[PDB]
Structure formats: C-alpha cells, structure tokens
Amino acid sequence: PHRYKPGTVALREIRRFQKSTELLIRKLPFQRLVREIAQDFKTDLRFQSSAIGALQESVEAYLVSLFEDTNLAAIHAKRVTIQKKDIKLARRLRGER
Amino acid sequence: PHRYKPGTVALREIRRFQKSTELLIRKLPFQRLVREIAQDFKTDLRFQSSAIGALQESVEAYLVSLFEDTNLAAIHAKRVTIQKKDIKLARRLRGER
Amino acid sequence: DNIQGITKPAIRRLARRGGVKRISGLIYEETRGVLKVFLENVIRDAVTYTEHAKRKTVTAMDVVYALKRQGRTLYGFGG
Amino acid sequence: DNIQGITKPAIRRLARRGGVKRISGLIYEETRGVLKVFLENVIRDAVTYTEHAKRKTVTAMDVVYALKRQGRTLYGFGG
Amino acid sequence: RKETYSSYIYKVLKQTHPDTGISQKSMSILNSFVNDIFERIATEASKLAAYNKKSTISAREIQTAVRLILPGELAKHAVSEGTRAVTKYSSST
Amino acid sequence: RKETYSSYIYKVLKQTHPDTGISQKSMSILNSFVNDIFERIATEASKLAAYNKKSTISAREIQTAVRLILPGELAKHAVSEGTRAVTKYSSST
Amino acid sequence: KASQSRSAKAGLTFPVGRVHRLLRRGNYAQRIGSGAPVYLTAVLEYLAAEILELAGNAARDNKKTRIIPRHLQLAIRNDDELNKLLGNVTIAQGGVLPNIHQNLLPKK
Amino acid sequence: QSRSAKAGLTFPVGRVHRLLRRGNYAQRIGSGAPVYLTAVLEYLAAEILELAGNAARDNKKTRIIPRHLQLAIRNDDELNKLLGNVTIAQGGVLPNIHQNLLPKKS
DNA sequence: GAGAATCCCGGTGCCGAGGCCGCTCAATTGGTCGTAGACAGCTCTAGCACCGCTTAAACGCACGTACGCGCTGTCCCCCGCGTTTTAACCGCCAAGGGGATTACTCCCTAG
DNA sequence: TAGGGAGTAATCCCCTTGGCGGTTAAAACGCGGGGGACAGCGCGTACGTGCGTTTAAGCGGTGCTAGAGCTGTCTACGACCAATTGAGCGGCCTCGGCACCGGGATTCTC
C-alpha cells in the first residue's frame, strides 16, 4: 500500500485542529475534576454549567498560550521535540513560579 | 608575568557588584538623552532633579530584570555567551511586543 | 482516577491546537501539575466570591470575576 | 552624537550586575535599541500628565504615577 | 428588568451592513467589550481628577484618558469624533 | 502642609526594636508601601461593595479582601488580629 | 415645548442619558460635568462602529450572513492596534489564528 | 479619648477613616471597618519592620538602609510574590551565581 | 611555592539623624432623622441523581525510522592589559521664570 | 432653586537652567592569546502509525427538591451639624554612625 511521511499528515492534523473551533476536553471528567478540587476549599458546593464552560475555556486558552511559548522555547534550543525543561523555562521567564 | 585566566576576574568583579548597589549609569549623558527624547513633543521643557533619579532607577531595574531573564535563556541554550536571539526570546516570553 | 480524568490524547489535542510537532512522554504529568497549580489559584478565589455572597453554589458571575482578577479576562459571559 | 551618551563600560557594568561571564559585542547596541523604546514609553505617559496638570515642568510625582499606571509601581520618591 | 445595549449596536450595524445577521453570543461579547472599555476609561478619568485635586469630571480629563488608553491613531480619530460631537452638541443656540 | 505616618511607624519600630535607626528614604519607601496597600485594599473593598449591590462598606468586605489578595498565613494572621481588634472595640464601646 | 434626547442633539445613536446615569451613580466623582457623557458616548460610537466594520468584513470574507465569534476573533487578532488593546482578553469560542514556523515546514 | 487607644493600636484610625470617607469609595461607610484596616496596616508595618530589623542586625548595622529593605523583602517568598511587581530604590539584587557559570571542578 | 587581591582593625571630621517647643487646624463628642441592611416569608427555576442505548474515542501491544545526543576539529572573536584623552564632576555665583497661594465671583451643576 | 467650585490674577520666593574651571576617574583604542561556538558524523531509541479490544462519554429522559430570587416591613447604624481641645507638623538645635583613609593579615590563582 501507500503510506505517508511521519510529519506530513501531522501537518494536515495541525491545520485541521487550527481550523476547528470545537472543545478538546470531555465535560464529565473535567466537571468531576473541578468538583473534587472545589471540595477541598468548601463542602456542599453546587455548580453552574456556564461556570463550567467559563472555567474550561480559561484553562484551554492557558494551555494554548503556554504551549506555543514552550514550542518557541524549544525551537530556540535548536530542537524539534519539546521536553520538560522547555516548560520550566517558559514558566520561569513568563513570571509564574 | 602573571596573566589571569579570562573570566575569573570577571566573576570576582561580578561579586563586587553583587555587594554593590550604587548607580552604574552616568548622570549628565542620561539627562542629555532624556532631554533630547522629550524635546520632540513640547519644547522648552523644565525638568526636576528627582525625576532623573527615578528614571535612572527604573531603567537600571528593567535592565537587570531583562538580563537575568536572558541569562536564563542563555544557560538554557547550552552556551555561556549571550546573543540577540536570546534577547528576542526573552522579549517574546516576557511579553512586551 | 480524577486528576487523570483528562486523557492522554487530550494534551495531544491542546498540543496540536498550539502548533507543535513532536511531543515527549514525560510532559503529560507536568502539564497536569500546572493544571493543579492553575485551578487552585482560580477556584480558591472563586469560592471566596462564593461564600462572601452567602451562597453555596457558584454562578457564572463569580468565576468570570475571579478570572478578571489576575488579568486573564474572558468575554462572552459578562452578563 | 548625543545618542552616544550611554557608554559601553556602563553596559558592561549593567551586564556584570546580572552575573554573566561572557558578553558578546552586539549586546550593547541590542540593549540600546531595547532601552530607546522603553524610556520613550514612559515619556509618553509623563508629559501628558504634566500637560493635563497645566504645568511646563516634570517632577518626581507624575513619573512615579506613570510607572504605577503601566505596572511597575516604584517606592522611594513618594506616591 | 435588565439592561443591554443591543438595539443601538444593532442600528450601528444596519447603518453599514444591512444584510447581516447576529448571534446572541456575539452581543454578549460586544456588550462585555463596550462595558469593559467604559470601565477603564471612567476609572482612568476619576483617577486623573483625583490627581489634580479637582472634584469635577469634564470633557478634558476623559480626553486625556482617551489619549492615555487608546493607541495613537485610534486616539486621534477618537478625539476627532468626540470633539466634533461635543461641538455639535454645544451649538444649542 | 502634608500628612505623614512617621510617628506611628517610629513607635511601632521602637516597640519591636529598641536600638534600630532609620533613614528618610526608607520612610518614603514604606510610606509608599502603606499607601499602595491602603489604595489596593480600598479599591477592592469598593469593588466588592458595588458588586454585591451594597451601599455601605463594613468589616466583612475588607475581611474578604484581605482573604483574597494577601498571602495565606499573612491573611489569617491579619484576620485574627483584625477580629481581635474588632472585639476589643465592640467590648469597649 | 417637547424636545428629543441629547443623543440626536449630538448626532449619536448610543444613549447619552444612560451614560450620564452610569457616570453619576458609578461613584467615580462627586460632580459630573455636562459635556462628559457626550464625549464618552462618541468614543464608544467610534469603537463599536470600527469593531462592527471589521466583523462585517470578516463575515463577508467567509461567505456567511451572520456574525460568528470566530469572525470577531480573527478581526481582532488580525489587526494590530486591536491586538495591543485586546491582548489580555480571551474571546469566548474564538479559536487560534493559523501559523507555522518556517523551520518546521518540510523544507527539503 | 483616642479611638486608636480604645482599640489598642498605635495608628491614626481617624486619619484613615478620613481618607476612606473622602476618597469616594462608597456612599456609606462602616465604623469598625477603619479600625479593621488600621489593625491590619499595623500588623503589616510591624512585620516588615521586624524583618528589616533582623536584616539590620545580621549585617552589624544599627541603621536601616534600603539595601537591608531589599534583603528583607526578597528572602520571604510570600512577601516576594506579594511585591513581585515592585521596584525598590537603592536596594540591589540578591547574589545568585549559576552552577554552570561556576568554573573548575570540586 | 609567589602575588594581586582581598578582609580586618584603628583614627577622623561631619553632616545628617534624634529631641523640643509653638501652635494650628483636625480628630472627638453630642444630637437628629431618614433611609438601607437584616430578617422573615414567599414562589418556581434549576441543579443533582440515575437508567439505559450507542459508539466513537481511548488503551495496549508491535515495529520502524528519523532525530536527540555524544564526540571532534577548528577559526576566531571576545578577554586581560598598556596608553592617550576626553568628557564627567565638584565648588560656586547669579537670574528669572515658574509654582503656591491668597481672594473674590459667578455659573452651573446638585436636588 | 442654591451655593460653592473652578477661574482669574497677582505676588512672592525658590530652584534650576547656563556658565564658569580644574582635575581625574574613566572611556577609546590597539594588541596577544585561548576556550567557545560552529558544522559534521555516527549510535541508538523514542515517538509516530496501526489494528484489535474495550468503555464509559454522550443523549436524553425523568424524578425530586434545594435554593435562587422577589417582596414586605422594621429600626438602628450612620450622614449631618455645631462646638471643642490636643497632637502631630515644623523650625530649630545638638552630636555620634558610618563612610573614608591608612596599614597589616589572609585567601585563591598561577
């Protein structure tokens, strides 16, 4: 059969994901995560679905901006594969410690 | 015939300026610079003496805060010498464009 | 299985939204770690706005005010 | 030639404050181009405060408020 | 009873694009945007009036706040539109 | 005829340290610190009062404010000492 | 005796009196002058008109007749003074502009 | 009788009440609220003065200098991120030397 | 093993950091009233819980190949140092231009 | 309808912009030398690809009840006003901590 070069259909997946505007995290594991993370500060806490959407949009923008910052720090380091020290450098030079 | 290794006296004077906290910028050339950069909008400008000292402290703090960041970018770049590309990545990661 | 409630291709989806090419395997738990240190700072401020208002449910208002605080503001839910 | 007011050993003094063993020679003019935009960005918000005060002199009182407006609030000269 | 700007901005869109529809979420973003802009401009003006030891807000402190906040060509177009509007309104004679 | 805070910080410093001297640049520094903390706390308290449809500022809103901005062990130290002062005032009414 | 509002006296479609109300009981100042709501209303007029212009051109650029938040996001992020003003705000359901680094392409 | 002495504090409750009421924050204002703000300002002032005093005695001086103030603010991490956006005057930077920049071996 | 280069101990004006009195506004006390915060009480939206079908998304094992990484040889461009030289800085004298402030007034903004 | 907040303006005094000049740390400039950055080449493995096999997300439907939210009523906290006393700003006065200078011990570096 006919195959593809590794890193060429990944460009197509990149342009598909950078066209598509849809949501990239499933709603029930995220709502379980935010409920068990809000249980620590205060019990018997109910939630709103609009608050769920606002929270998920905030964290989705946060990983997106942090992630091209990590990618730019990685190509800065004459490499293509990202590593954990790129994340630590991006966090340290972005200001949050 | 006593010749020092290059960088040892650099680190020693780095230590002396680490105990030091005085102004490292000459006063009158910086006064000339701020007058020639403030003349362009409304001429015949009177200046107070303390404003120039405040400008000195702010430019020195911004320079050292950028230089620690580009030192971190340089030591992350597996090098000892800095470059313009470290300075651009410092400005990109700190976010002043 | 709550902190790993997000799945392995979820960081991949957030990755390829970000224009990356090659991704390692040790970064997934580290991205989950920055999830933890981000959501603590978000929902501690959210629950301060919550029980200040004498309510035991979070609405759409206190979350966007919590987001308004640190300078990562978000539109769309301002009303 | 007045733009040549800032001198290269002063940039070296600022560099060794950062604790750097090796400095290349292009860093001086890079920092010159960096600083030139930077001080003009506070001269932008100082002289308009001065003009709205109906004053033709600047002081230590409006420059600290310009830095406090942009977001590097500085102590020592009041405010 | 709740307040929104929706009919005014709808009319602004019909002045330049008559055949264009609207998502309600787009009104939510743009209402938040105009409220946020009014927010920063108004507290910048109040802060500047508290600086000059004045108890009155007039057109000149919000003019200076517009010059402070907006970028330069938007600042000059905004003060042009504001000055022509306030001189048209001031001609009530 | 300006107002300073120098006598009170001098009294506090002599309460904690009976031998330390101080310079005037440091007094300007920490007067600016006190005014910055006061101003940030005050605009946050006014914001939380206007946000809860509330026309009076009472100690609950500054309690929520010093909960939300100040660091946590300083936050509960400040809450403890401020509540101690609150009961000291309400006892000695 | 009957006369209309100040908005058409200034020739504006945004409410001058509502802005005056919000400036009065928004506790920004103890005294509010007459010409301040007119100036602020005109500034909001021009800002909303320019944002609607860029949104309408973006919606024409996708061959649609409705304003999607994608159109608002691309109109804000494409243009650079709107990039500087709105850099710190994340648009709800906006997405990310397409960009690839030159070294990441299959250069060969 | 002074309200500061009634509340057991050494800070001018009347002055901060004046600054709060003629500062245009709310139409009405509380009575125990300036006392509460007075107490928390006294606490932060006392704690930063204690830290500056310790940073004075460890470097043999009986005088407070802004370098000692920088030494007092930067070591405490919670105070450091409290003032992560604040530039001090005549304070300097802490001495940190990178391990890769440190030469030789052992 | 030597040698710059530090750290450490002792004498010196000094000039800038603690008291002190004078006193002038600004914190304190008392009375009045009209409204706003608190509590009680009320109606329904909306949030939680669970059952069950569908299935597309996710885990896991297998392998193959670019890409991270270790080593290497090399220009060469930064680093220590001697020599001019050039502008920065300190002491100072004089001007006059610009900020502070007093003082009445009227208009326009609060109600 | 009212009243008090800018507005005008004049006057005093203070600081700051030029202009002196010496002298002196300090920058400019040229020169020897040494590790550091540069590309290049090989070794292996880790991430991409793929198919079989779950699984537990998603829809959607229903049932229940807390709790959001609006209204009514009350009364006591607080703005407002008039008199008062005291305390914190300031000019003035006085003296010792620290920088500065001089000279000897001491530690990395070569």
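The chain as shown is numbered from 1 upward.
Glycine is treated like the rest: Cβ placed from N, Cα and C.
As annotated in Swiss-Prot, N6-acetyllysine applies, among B:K19, B:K88, to B:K19. Swiss-Prot gives the label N6-methyllysine to one of B:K42, B:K85, namely B:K42. Candidates B:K27, B:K78 were compared with Swiss-Prot; the annotation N6-acetyllysine appears at B:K27. In sequence order, B:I52, B:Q56 make up the list of same-chain residues 6 or more apart from B:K27 (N6-acetyllysine) whose Cβ falls under 8 Å from its Cβ.
Ranking the modified residues B:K19, B:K42 by other CB atoms within 10 A of the CB puts B:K19 at the bottom. Straight-line distance linking the Cα atoms of B:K42 (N6,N6,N6-trimethyllysine) and B:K19 (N6-malonyllysine), rounded to a whole number, equals 41 Å.
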